[PDB]
């Protein structure tokens, strides 16, 4: 159906094809078999323009897949700064927790993405949020010995 096509196009970074499918009425929140939406896949693969088009056509900014992962979780983990920025501006839940209890801040902390960390903090990320391991993003920075991040967070 059109939603399957939309999922594939979003994943592939096909700006024009996504716009075409949306204009022919593809379900903007179509789900794959793990509950990914197109916005998840665009966030994962770093397709800014596609995230923009999807939001414009009423994509759920706070969709969760079957594991509780949101698009912002992917963008934060995979280092896509400008996707983090756009998602945040469209109302992404800065403190969403995935199945492990990780917020975007935790995930950006794990991968050492300093500008994402700072941007998350500007938009109200909870520096005291504990994951299911009992760790804050600051604990993670101390466990990775990432001085720059620990300095930002401490």
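Numbering follows the first chain given and starts at 1.
- Comparing the deposited coordinates for 87 to 95 and 122 to 130, the stretch with the larger average C-alpha B-factor is 122 to 130.
- The PDB entry records a higher mean C-alpha B factor for 19 to 27 than for its counterpart among 132 to 140 and 19 to 27.
- Comparing the C-alpha B-factors of 56, 60, 65, 49 in the entry, the top value falls on 56.
- Per the PDB record, residue ranking by Cα B-factor puts residue 104 in the lowest third of the chain.
- Ranked against the other modelled residues of its chain, the C-alpha B-factor of residue 117 as given in the entry falls in the middle third.
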